[PDB]
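The next block is data.pdb, given as PDB, C-alpha atoms.
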```
ATOM      1  CA  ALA N  22     223.236-168.468  63.734  1.00  0.00           C
ATOM      2  CA  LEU N  23     220.187-166.185  63.488  1.00  0.00           C
ATOM      3  CA  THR N  24     219.974-163.950  60.428  1.00  0.00           C
ATOM      4  CA  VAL N  25     217.954-160.787  61.141  1.00  0.00           C
ATOM      5  CA  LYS N  26     216.284-160.712  57.723  1.00  0.00           C
ATOM      6  CA  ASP N  27     213.231-158.540  58.390  1.00  0.00           C
ATOM      7  CA  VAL N  28     211.536-156.199  60.865  1.00  0.00           C
ATOM      8  CA  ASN N  29     209.485-159.031  62.384  1.00  0.00           C
ATOM      9  CA  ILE N  30     212.595-160.979  63.439  1.00  0.00           C
ATOM     10  CA  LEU N  31     214.275-157.735  64.462  1.00  0.00           C
ATOM     11  CA  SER N  32     211.532-156.858  66.962  1.00  0.00           C
ATOM     12  CA  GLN N  33     211.574-160.394  68.304  1.00  0.00           C
ATOM     13  CA  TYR N  34     215.348-160.184  68.747  1.00  0.00           C
ATOM     14  CA  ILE N  35     215.254-156.830  70.509  1.00  0.00           C
ATOM     15  CA  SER N  36     212.467-158.170  72.729  1.00  0.00           C
ATOM     16  CA  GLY N  37     214.653-161.155  73.561  1.00  0.00           C
ATOM     17  CA  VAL N  38     217.530-158.865  74.475  1.00  0.00           C
ATOM     18  CA  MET N  39     215.324-156.686  76.696  1.00  0.00           C
ATOM     19  CA  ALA N  40     213.774-159.717  78.434  1.00  0.00           C
ATOM     20  CA  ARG N  41     217.232-161.103  79.195  1.00  0.00           C
ATOM     21  CA  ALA N  42     218.595-157.757  80.336  1.00  0.00           C
ATOM     22  CA  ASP N  43     215.683-157.174  82.718  1.00  0.00           C
ATOM     23  CA  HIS N  44     216.101-160.583  84.339  1.00  0.00           C
ATOM     24  CA  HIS N  45     219.857-161.097  84.484  1.00  0.00           C
ATOM     25  CA  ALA N  46     221.663-157.993  83.190  1.00  0.00           C
ATOM     26  CA  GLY N  47     219.835-154.937  84.484  1.00  0.00           C
ATOM     27  CA  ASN N  48     222.863-152.654  84.107  1.00  0.00           C
ATOM     28  CA  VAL N  49     222.590-152.609  80.288  1.00  0.00           C
ATOM     29  CA  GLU N  50     218.787-152.700  79.868  1.00  0.00           C
ATOM     30  CA  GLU N  51     218.512-148.986  79.077  1.00  0.00           C
ATOM     31  CA  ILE N  52     221.530-148.540  76.829  1.00  0.00           C
ATOM     32  CA  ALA N  53     220.397-151.585  74.853  1.00  0.00           C
ATOM     33  CA  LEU N  54     217.507-149.665  73.261  1.00  0.00           C
ATOM     34  CA  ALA N  55     219.778-146.803  72.248  1.00  0.00           C
ATOM     35  CA  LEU N  56     222.351-149.276  70.898  1.00  0.00           C
ATOM     36  CA  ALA N  57     219.625-150.942  68.884  1.00  0.00           C
ATOM     37  CA  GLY N  58     218.789-147.568  67.342  1.00  0.00           C
ATOM     38  CA  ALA N  59     222.455-146.776  66.718  1.00  0.00           C
ATOM     39  CA  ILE N  60     223.212-150.094  65.001  1.00  0.00           C
ATOM     40  CA  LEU N  61     220.182-149.784  62.728  1.00  0.00           C
ATOM     41  CA  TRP N  62     221.159-146.180  62.089  1.00  0.00           C
ATOM     42  CA  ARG N  63     224.632-146.974  60.761  1.00  0.00           C
ATOM     43  CA  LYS N  64     224.532-150.528  59.284  1.00  0.00           C
ATOM     44  CA  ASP N  65     225.340-151.367  55.648  1.00  0.00           C
ATOM     45  CA  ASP N  66     222.900-153.492  53.660  1.00  0.00           C
ATOM     46  CA  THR N  67     224.371-156.723  55.002  1.00  0.00           C
ATOM     47  CA  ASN N  68     222.021-158.509  57.380  1.00  0.00           C
ATOM     48  CA  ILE N  69     222.640-158.543  61.094  1.00  0.00           C
ATOM     49  CA  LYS N  70     223.640-161.987  62.339  1.00  0.00           C
ATOM     50  CA  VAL N  71     223.668-163.346  65.887  1.00  0.00           C
ATOM     51  CA  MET N  72     225.949-166.329  66.356  1.00  0.00           C
ATOM     52  CA  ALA N  73     226.902-168.844  69.045  1.00  0.00           C
ATOM     53  CA  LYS N  79     227.725-166.269  74.908  1.00  0.00           C
ATOM     54  CA  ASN N  80     226.116-165.009  71.697  1.00  0.00           C
ATOM     55  CA  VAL N  81     227.822-162.463  69.448  1.00  0.00           C
ATOM     56  CA  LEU N  82     225.948-159.955  67.257  1.00  0.00           C
ATOM     57  CA  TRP N  83     227.709-158.976  64.026  1.00  0.00           C
ATOM     58  CA  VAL N  84     226.956-155.878  61.985  1.00  0.00           C
ATOM     59  CA  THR N  85     228.892-154.182  59.203  1.00  0.00           C
ATOM     60  CA  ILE N  86     229.230-150.400  59.285  1.00  0.00           C
ATOM     61  CA  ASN N  87     231.072-148.290  56.702  1.00  0.00           C
ATOM     62  CA  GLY N  88     233.030-151.334  55.513  1.00  0.00           C
ATOM     63  CA  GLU N  89     234.065-152.693  58.930  1.00  0.00           C
ATOM     64  CA  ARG N  90     232.706-155.640  60.913  1.00  0.00           C
ATOM     65  CA  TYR N  91     231.682-155.043  64.531  1.00  0.00           C
ATOM     66  CA  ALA N  92     230.941-157.633  67.212  1.00  0.00           C
ATOM     67  CA  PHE N  93     228.649-156.849  70.154  1.00  0.00           C
ATOM     68  CA  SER N  94     228.398-159.208  73.135  1.00  0.00           C
ATOM     69  CA  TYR N  95     227.579-159.142  76.838  1.00  0.00           C
ATOM     70  CA  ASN N  96     230.187-159.630  79.567  1.00  0.00           C
ATOM     71  CA  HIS N  97     228.583-160.931  82.778  1.00  0.00           C
ATOM     72  CA  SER N  98     231.697-160.188  84.847  1.00  0.00           C
ATOM     73  CA  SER N  99     231.954-156.477  83.996  1.00  0.00           C
ATOM     74  CA  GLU N 100     228.238-156.152  83.143  1.00  0.00           C
ATOM     75  CA  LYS N 101     229.077-154.331  79.911  1.00  0.00           C
ATOM     76  CA  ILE N 102     228.058-154.740  76.326  1.00  0.00           C
ATOM     77  CA  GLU N 103     231.372-154.947  74.528  1.00  0.00           C
ATOM     78  CA  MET N 104     232.054-153.666  71.026  1.00  0.00           C
ATOM     79  CA  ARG N 105     234.910-155.154  69.020  1.00  0.00           C
ATOM     80  CA  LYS N 106     236.113-154.214  65.560  1.00  0.00           C
ATOM     81  CA  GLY N 107     236.996-157.038  63.188  1.00  0.00           C
ATOM     82  CA  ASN N 108     237.448-160.294  65.078  1.00  0.00           C
ATOM     83  CA  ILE N 109     236.022-161.308  68.444  1.00  0.00           C
ATOM     84  CA  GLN N 110     239.575-162.446  69.237  1.00  0.00           C
ATOM     85  CA  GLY N 111     240.923-158.987  70.145  1.00  0.00           C
ATOM     86  CA  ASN N 112     240.468-155.954  72.425  1.00  0.00           C
ATOM     87  CA  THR N 113     237.209-154.025  72.798  1.00  0.00           C
ATOM     88  CA  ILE N 114     237.107-150.530  71.296  1.00  0.00           C
ATOM     89  CA  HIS N 115     234.088-149.449  73.347  1.00  0.00           C
ATOM     90  CA  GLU N 116     232.083-150.760  76.284  1.00  0.00           C
ATOM     91  CA  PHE N 117     228.492-149.679  76.970  1.00  0.00           C
ATOM     92  CA  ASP N 118     226.150-149.800  79.910  1.00  0.00           C
ATOM     93  CA  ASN N 119     223.398-147.725  81.485  1.00  0.00           C
ATOM     94  CA  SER N 120     226.018-145.182  82.617  1.00  0.00           C
ATOM     95  CA  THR N 121     227.160-144.473  79.053  1.00  0.00           C
ATOM     96  CA  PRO N 122     225.986-140.937  78.142  1.00  0.00           C
ATOM     97  CA  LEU N 123     223.816-140.895  74.990  1.00  0.00           C
ATOM     98  CA  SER N 124     225.923-137.957  73.828  1.00  0.00           C
ATOM     99  CA  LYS N 125     228.910-140.307  73.814  1.00  0.00           C
ATOM    100  CA  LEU N 126     226.977-143.076  72.072  1.00  0.00           C
ATOM    101  CA  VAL N 127     225.907-140.718  69.298  1.00  0.00           C
ATOM    102  CA  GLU N 128     229.485-139.449  68.994  1.00  0.00           C
ATOM    103  CA  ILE N 129     230.917-142.982  68.660  1.00  0.00           C
ATOM    104  CA  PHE N 130     228.414-144.147  66.031  1.00  0.00           C
ATOM    105  CA  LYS N 131     228.472-140.860  64.124  1.00  0.00           C
ATOM    106  CA  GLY N 132     232.198-141.279  63.563  1.00  0.00           C
ATOM    107  CA  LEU N 133     232.243-144.920  62.466  1.00  0.00           C
TER     108      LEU N 133
ATOM    109  CA  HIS J  20     199.151-136.901  51.472  1.00  0.00           C
ATOM    110  CA  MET J  21     202.450-138.848  51.449  1.00  0.00           C
ATOM    111  CA  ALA J  22     202.799-142.194  53.205  1.00  0.00           C
ATOM    112  CA  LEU J  23     206.076-144.040  53.770  1.00  0.00           C
ATOM    113  CA  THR J  24     205.649-147.686  54.720  1.00  0.00           C
ATOM    114  CA  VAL J  25     208.608-149.077  56.635  1.00  0.00           C
ATOM    115  CA  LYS J  26     208.385-152.483  54.954  1.00  0.00           C
ATOM    116  CA  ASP J  27     211.863-153.812  55.679  1.00  0.00           C
ATOM    117  CA  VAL J  28     215.106-153.160  57.473  1.00  0.00           C
ATOM    118  CA  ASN J  29     216.680-151.233  54.590  1.00  0.00           C
ATOM    119  CA  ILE J  30     213.881-148.658  54.615  1.00  0.00           C
ATOM    120  CA  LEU J  31     214.049-148.569  58.397  1.00  0.00           C
ATOM    121  CA  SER J  32     217.764-147.711  58.392  1.00  0.00           C
ATOM    122  CA  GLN J  33     217.251-145.001  55.750  1.00  0.00           C
ATOM    123  CA  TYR J  34     214.400-143.556  57.777  1.00  0.00           C
ATOM    124  CA  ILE J  35     216.470-143.484  60.976  1.00  0.00           C
ATOM    125  CA  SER J  36     219.428-141.994  59.128  1.00  0.00           C
ATOM    126  CA  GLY J  37     217.066-139.330  57.802  1.00  0.00           C
ATOM    127  CA  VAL J  38     215.824-138.569  61.309  1.00  0.00           C
ATOM    128  CA  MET J  39     219.350-138.351  62.728  1.00  0.00           C
ATOM    129  CA  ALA J  40     220.470-136.131  59.839  1.00  0.00           C
ATOM    130  CA  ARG J  41     217.597-133.717  60.382  1.00  0.00           C
ATOM    131  CA  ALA J  42     218.154-133.768  64.151  1.00  0.00           C
ATOM    132  CA  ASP J  43     221.876-133.077  63.794  1.00  0.00           C
ATOM    133  CA  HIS J  44     221.193-130.143  61.460  1.00  0.00           C
ATOM    134  CA  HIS J  45     218.384-128.336  63.312  1.00  0.00           C
ATOM    135  CA  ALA J  46     216.813-130.405  66.084  1.00  0.00           C
ATOM    136  CA  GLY J  47     219.795-131.002  68.335  1.00  0.00           C
ATOM    137  CA  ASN J  48     217.610-131.244  71.430  1.00  0.00           C
ATOM    138  CA  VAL J  49     216.223-134.685  70.450  1.00  0.00           C
ATOM    139  CA  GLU J  50     219.117-136.145  68.464  1.00  0.00           C
ATOM    140  CA  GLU J  51     220.141-138.415  71.346  1.00  0.00           C
ATOM    141  CA  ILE J  52     216.695-139.513  72.532  1.00  0.00           C
ATOM    142  CA  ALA J  53     215.736-140.303  68.919  1.00  0.00           C
ATOM    143  CA  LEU J  54     218.042-143.353  68.972  1.00  0.00           C
ATOM    144  CA  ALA J  55     216.486-144.721  72.170  1.00  0.00           C
ATOM    145  CA  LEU J  56     213.000-144.112  70.789  1.00  0.00           C
ATOM    146  CA  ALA J  57     213.961-145.984  67.657  1.00  0.00           C
ATOM    147  CA  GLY J  58     214.898-149.039  69.701  1.00  0.00           C
ATOM    148  CA  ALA J  59     211.862-148.705  71.995  1.00  0.00           C
ATOM    149  CA  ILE J  60     209.382-148.474  69.106  1.00  0.00           C
ATOM    150  CA  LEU J  61     210.877-151.544  67.384  1.00  0.00           C
ATOM    151  CA  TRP J  62     210.950-153.363  70.728  1.00  0.00           C
ATOM    152  CA  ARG J  63     207.226-153.100  71.400  1.00  0.00           C
ATOM    153  CA  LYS J  64     205.579-152.786  67.963  1.00  0.00           C
ATOM    154  CA  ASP J  65     202.862-155.197  66.864  1.00  0.00           C
ATOM    155  CA  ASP J  66     203.286-156.823  63.429  1.00  0.00           C
ATOM    156  CA  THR J  67     201.746-153.912  61.455  1.00  0.00           C
ATOM    157  CA  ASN J  68     204.335-151.852  59.588  1.00  0.00           C
ATOM    158  CA  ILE J  69     205.410-148.457  60.908  1.00  0.00           C
ATOM    159  CA  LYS J  70     204.099-145.707  58.620  1.00  0.00           C
ATOM    160  CA  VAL J  71     205.281-142.117  58.356  1.00  0.00           C
ATOM    161  CA  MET J  72     202.637-139.711  57.039  1.00  0.00           C
ATOM    162  CA  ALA J  73     203.466-136.244  55.790  1.00  0.00           C
ATOM    163  CA  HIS J  74     200.462-133.997  55.167  1.00  0.00           C
ATOM    164  CA  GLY J  75     202.467-130.988  54.072  1.00  0.00           C
ATOM    165  CA  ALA J  76     205.445-132.637  52.393  1.00  0.00           C
ATOM    166  CA  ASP J  77     208.731-133.962  53.761  1.00  0.00           C
ATOM    167  CA  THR J  78     208.459-131.434  56.610  1.00  0.00           C
ATOM    168  CA  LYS J  79     205.271-132.142  58.622  1.00  0.00           C
ATOM    169  CA  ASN J  80     205.934-135.821  59.426  1.00  0.00           C
ATOM    170  CA  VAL J  81     204.012-138.049  61.816  1.00  0.00           C
ATOM    171  CA  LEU J  82     205.262-141.561  62.572  1.00  0.00           C
ATOM    172  CA  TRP J  83     202.543-144.095  63.402  1.00  0.00           C
ATOM    173  CA  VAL J  84     203.066-147.394  65.195  1.00  0.00           C
ATOM    174  CA  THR J  85     200.637-149.915  66.705  1.00  0.00           C
ATOM    175  CA  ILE J  86     201.454-151.411  70.111  1.00  0.00           C
ATOM    176  CA  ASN J  87     199.111-153.816  71.891  1.00  0.00           C
ATOM    177  CA  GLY J  88     196.371-152.956  69.413  1.00  0.00           C
ATOM    178  CA  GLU J  89     196.618-149.204  70.131  1.00  0.00           C
ATOM    179  CA  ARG J  90     197.900-146.583  67.659  1.00  0.00           C
ATOM    180  CA  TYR J  91     200.618-144.131  68.730  1.00  0.00           C
ATOM    181  CA  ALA J  92     201.738-141.022  66.840  1.00  0.00           C
ATOM    182  CA  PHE J  93     205.194-139.436  67.145  1.00  0.00           C
ATOM    183  CA  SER J  94     206.033-135.996  65.777  1.00  0.00           C
ATOM    184  CA  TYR J  95     208.502-133.182  66.431  1.00  0.00           C
ATOM    185  CA  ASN J  96     207.374-129.861  67.875  1.00  0.00           C
ATOM    186  CA  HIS J  97     209.921-127.293  66.673  1.00  0.00           C
ATOM    187  CA  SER J  98     208.826-124.674  69.221  1.00  0.00           C
ATOM    188  CA  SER J  99     209.075-126.785  72.369  1.00  0.00           C
ATOM    189  CA  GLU J 100     211.849-128.809  70.700  1.00  0.00           C
ATOM    190  CA  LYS J 101     210.323-132.072  71.847  1.00  0.00           C
ATOM    191  CA  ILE J 102     209.143-135.255  70.236  1.00  0.00           C
ATOM    192  CA  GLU J 103     205.447-135.530  71.102  1.00  0.00           C
ATOM    193  CA  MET J 104     203.799-138.904  71.607  1.00  0.00           C
ATOM    194  CA  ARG J 105     200.012-139.227  71.215  1.00  0.00           C
ATOM    195  CA  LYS J 106     197.664-142.204  71.569  1.00  0.00           C
ATOM    196  CA  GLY J 107     194.627-142.914  69.411  1.00  0.00           C
ATOM    197  CA  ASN J 108     193.440-139.558  68.084  1.00  0.00           C
ATOM    198  CA  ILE J 109     196.317-137.522  66.668  1.00  0.00           C
ATOM    199  CA  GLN J 110     194.341-134.470  67.795  1.00  0.00           C
ATOM    200  CA  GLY J 111     194.383-135.505  71.449  1.00  0.00           C
ATOM    201  CA  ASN J 112     196.756-134.069  74.039  1.00  0.00           C
ATOM    202  CA  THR J 113     200.233-135.579  74.178  1.00  0.00           C
ATOM    203  CA  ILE J 114     200.746-138.403  76.673  1.00  0.00           C
ATOM    204  CA  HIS J 115     204.518-137.898  76.718  1.00  0.00           C
ATOM    205  CA  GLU J 116     207.032-135.401  75.413  1.00  0.00           C
ATOM    206  CA  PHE J 117     210.613-136.627  74.883  1.00  0.00           C
ATOM    207  CA  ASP J 118     213.971-134.905  74.486  1.00  0.00           C
ATOM    208  CA  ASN J 119     217.654-135.503  75.297  1.00  0.00           C
ATOM    209  CA  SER J 120     216.999-134.904  79.011  1.00  0.00           C
ATOM    210  CA  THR J 121     214.334-137.636  79.262  1.00  0.00           C
ATOM    211  CA  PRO J 122     215.779-140.211  81.713  1.00  0.00           C
ATOM    212  CA  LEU J 123     216.314-143.493  79.835  1.00  0.00           C
ATOM    213  CA  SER J 124     214.917-145.418  82.761  1.00  0.00           C
ATOM    214  CA  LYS J 125     211.667-143.491  82.346  1.00  0.00           C
ATOM    215  CA  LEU J 126     211.613-144.167  78.623  1.00  0.00           C
ATOM    216  CA  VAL J 127     212.041-147.891  79.307  1.00  0.00           C
ATOM    217  CA  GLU J 128     209.302-147.765  81.928  1.00  0.00           C
ATOM    218  CA  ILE J 129     206.845-146.067  79.574  1.00  0.00           C
ATOM    219  CA  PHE J 130     207.414-148.484  76.719  1.00  0.00           C
ATOM    220  CA  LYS J 131     207.476-151.531  78.985  1.00  0.00           C
ATOM    221  CA  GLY J 132     204.003-150.543  80.143  1.00  0.00           C
ATOM    222  CA  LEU J 133     202.308-150.043  76.774  1.00  0.00           C
TER     223      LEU J 133
END
```
Please, can you express the file's structure as structure tokens?
Amino acid sequence: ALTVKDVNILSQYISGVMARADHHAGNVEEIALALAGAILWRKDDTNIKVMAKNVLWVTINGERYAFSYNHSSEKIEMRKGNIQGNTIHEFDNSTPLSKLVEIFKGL
Amino acid sequence: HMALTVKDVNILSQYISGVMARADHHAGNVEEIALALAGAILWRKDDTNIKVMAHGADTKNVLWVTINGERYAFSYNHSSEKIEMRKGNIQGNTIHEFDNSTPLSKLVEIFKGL
């Protein structure tokens, strides 16, 4: 799995996400940038890790969160704890930024 | 006279948290678009570190980033309540002004094109 250890790798990863979203998942291409900001906003010191569909793990306020793309619903799914459970939020280009801020502010 | 160099992800997260805290408290009109701008700047930046210059103290901040060999300056205008984006000269006119009502599709378009 990829460990996002520095800003160089982080930009490359975000670029990878945006390239993939443009080509094959256009319905999350916009929210992806805001999600990137939100995850960096709220993460603990633990490094972001992307594992293998890929799953991105981040720890926020002492809880582990998994982000991954669902081709069938065309959503980015957010799970709390283990990828083997229900989503707590789903994001796409229709998600209001007001709602995104509200969700991350409260984590 | 004060320069913050965003050398690593820890400093980046503290900087973003600082921006969101200030926006929540007295710049509500850009609190939402600030997150998207954070992703967009990190998306397109060249290797050079982001720098935040304050030539007044913690209040008169300008964030600088290089994209495709060009410098871009971001700052908040507390009268228009917009984040102003300039290119090259910081004393030039703005090329874009962003707030919560900026369509995200337009923000993606702008950054894709830099």
- 7 Å contacts from chain J to chain N using only C-alpha atoms, as a list in words: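 Filtering chain J at 7 Å from chain N with only C-alpha atoms gives residues 27, 28, 29, 32, 35, 36, 51, 54, 55, 57, 58, 59, 61, 62, 66, 123, 124 and 127 of chain J.
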- Task: Would you translate the PyMOL selection byres ((chain J and resi 73) around 9) into the concrete set of residues it matches in this file, as an MDAnalysis selection string?
- Result: chainID J and resid 20:23 71:72 74:82
- Message: Nearest residue to residue 88 in chain J out of J:133, J:46, J:31, J:109, using only C-alpha atoms?
- Response: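 Nearest to residue 88 in chain J: J:133.
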- For the atom pair CA of residue 42 in chain J and CA of residue 126 in chain J, what is the interatomic distance in Å to one decimal place?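 Between these atoms lies a distance of 19.0 Å.
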- Task: Using only C-alpha atoms, pick whichever of N:92, N:71, N:49, N:42 has the shortest atom-to-atom distance to residue 111 in chain N.
- Result: N:92
- Determine the residue membership of the PyMOL selection byres ((chain J and resi 97) around 12) for the file above and supply it as a VMD selection string. chain J and resid 41 to 42 45 to 49 78 to 80 94 to 96 98 to 103 118
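Take CA of residue 109 in chain N and CA of residue 56 in chain J: the distance between them is 28.8 Å.
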- For residue 105 in chain N, which residue out of N:85, N:120, N:24, N:48 is the nearest one, using all atoms listed in the file?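 Closest to residue 105 in chain N of all the choices is N:85.
By all atoms listed in the file, and with residues fewer than 4 positions from residue 39 in chain J along its chain excluded, the set lying at most 8 Å from it is residues 35, 43, 50 and 53 of chain J.
With distances taken over all atoms listed in the file, N:104 is the one residue among N:96, N:104, N:116, N:130 lying closest to residue 83 in chain N.
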- Message: Please compute the CA of residue 110 in chain N-CA of residue 84 in chain N distance, one decimal, in Å.
- Response: 16.0 Å
Taking all atoms of range 32-39 of chain J that the file lists and extending 4 Å past them on each side, where is the centre of the axis-aligned box and how long are its edges? Answer in Å to one decimal, as lines of an AutoDock Vina configuration file.
```
center_x = 216.9
center_y = -143.0
center_z = 59.2
size_x = 13.0
size_y = 17.4
size_z = 15.0
```
- Task: Name all residues at most 6 Å from residue 64 in chain J (count only C-alpha atoms; drop same-chain ones fewer than 4 positions away) and give them as an MDAnalysis selection string.
- Result: chainID J and resid 60 85:86
- Message: Let me make sure I understand: among J:130, J:83, J:34, J:93, which one has the smallest atom-to-atom distance to residue 116 in chain J if we use only C-alpha atoms?
- Response: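 Of the candidates, the smallest distance to residue 116 in chain J is held by J:93.
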Would you mind writing range 99-128 of chain N with N, CA and C atoms, as a CSV table (one decimal), keeping the file's coordinate frame?
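Heads up, here's the output in part_22.csv:
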```
chain,number,residue,atom,x,y,z
N,99,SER,N,231.9,-157.9,83.9
N,99,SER,CA,232.0,-156.5,84.0
N,99,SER,C,230.6,-155.8,83.8
N,100,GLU,N,229.6,-156.6,83.5
N,100,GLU,CA,228.2,-156.2,83.1
N,100,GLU,C,228.3,-155.0,82.1
N,101,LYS,N,229.0,-155.3,81.0
N,101,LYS,CA,229.1,-154.3,79.9
N,101,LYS,C,228.7,-155.0,78.6
N,102,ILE,N,228.1,-154.3,77.7
N,102,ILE,CA,228.1,-154.7,76.3
N,102,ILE,C,229.3,-154.3,75.7
N,103,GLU,N,230.1,-155.2,75.1
N,103,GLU,CA,231.4,-154.9,74.5
N,103,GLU,C,231.3,-154.8,73.0
N,104,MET,N,232.0,-153.9,72.5
N,104,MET,CA,232.1,-153.7,71.0
N,104,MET,C,233.5,-153.9,70.5
N,105,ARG,N,233.6,-154.8,69.6
N,105,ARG,CA,234.9,-155.2,69.0
N,105,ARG,C,234.9,-154.9,67.5
N,106,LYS,N,236.0,-154.5,67.0
N,106,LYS,CA,236.1,-154.2,65.6
N,106,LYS,C,236.9,-155.3,64.9
N,107,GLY,N,236.3,-156.1,64.0
N,107,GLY,CA,237.0,-157.0,63.2
N,107,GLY,C,236.8,-158.5,63.6
N,108,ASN,N,237.6,-158.9,64.6
N,108,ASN,CA,237.4,-160.3,65.1
N,108,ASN,C,237.2,-160.3,66.6
N,109,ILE,N,236.3,-161.2,67.0
N,109,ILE,CA,236.0,-161.3,68.4
N,109,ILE,C,237.3,-161.7,69.3
N,110,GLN,N,238.3,-162.1,68.6
N,110,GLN,CA,239.6,-162.4,69.2
N,110,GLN,C,240.5,-161.3,69.3
N,111,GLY,N,240.1,-160.2,70.0
N,111,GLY,CA,240.9,-159.0,70.1
N,111,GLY,C,240.3,-158.1,71.2
N,112,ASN,N,240.9,-156.9,71.4
N,112,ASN,CA,240.5,-156.0,72.4
N,112,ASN,C,239.2,-155.2,72.0
N,113,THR,N,238.4,-154.8,73.0
N,113,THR,CA,237.2,-154.0,72.8
N,113,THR,C,237.6,-152.6,72.5
N,114,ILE,N,236.9,-151.9,71.6
N,114,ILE,CA,237.1,-150.5,71.3
N,114,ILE,C,236.2,-149.6,72.1
N,115,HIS,N,235.0,-150.2,72.4
N,115,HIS,CA,234.1,-149.4,73.3
N,115,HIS,C,233.3,-150.4,74.2
N,116,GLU,N,233.0,-150.0,75.4
N,116,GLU,CA,232.1,-150.8,76.3
N,116,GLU,C,230.9,-149.9,76.7
N,117,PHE,N,229.7,-150.4,76.7
N,117,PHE,CA,228.5,-149.7,77.0
N,117,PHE,C,227.7,-150.3,78.1
N,118,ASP,N,227.2,-149.4,79.0
N,118,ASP,CA,226.2,-149.8,79.9
N,118,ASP,C,225.2,-148.6,80.2
N,119,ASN,N,224.4,-148.7,81.2
N,119,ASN,CA,223.4,-147.7,81.5
N,119,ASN,C,224.0,-146.4,81.9
N,120,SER,N,225.3,-146.4,82.3
N,120,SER,CA,226.0,-145.2,82.6
N,120,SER,C,226.6,-144.5,81.4
N,121,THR,N,226.6,-145.1,80.3
N,121,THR,CA,227.2,-144.5,79.1
N,121,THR,C,226.3,-143.3,78.7
N,122,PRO,N,226.8,-142.1,78.6
N,122,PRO,CA,226.0,-140.9,78.1
N,122,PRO,C,225.6,-141.1,76.7
N,123,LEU,N,224.3,-140.8,76.4
N,123,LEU,CA,223.8,-140.9,75.0
N,123,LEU,C,224.6,-140.0,74.1
N,124,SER,N,225.1,-138.9,74.6
N,124,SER,CA,225.9,-138.0,73.8
N,124,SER,C,227.1,-138.7,73.3
N,125,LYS,N,227.7,-139.5,74.2
N,125,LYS,CA,228.9,-140.3,73.8
N,125,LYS,C,228.6,-141.4,72.8
N,126,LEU,N,227.4,-142.0,73.0
N,126,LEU,CA,227.0,-143.1,72.1
N,126,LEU,C,226.8,-142.5,70.7
N,127,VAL,N,226.1,-141.4,70.6
N,127,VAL,CA,225.9,-140.7,69.3
N,127,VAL,C,227.3,-140.4,68.7
N,128,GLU,N,228.2,-139.8,69.5
N,128,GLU,CA,229.5,-139.4,69.0
N,128,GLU,C,230.3,-140.6,68.4
```
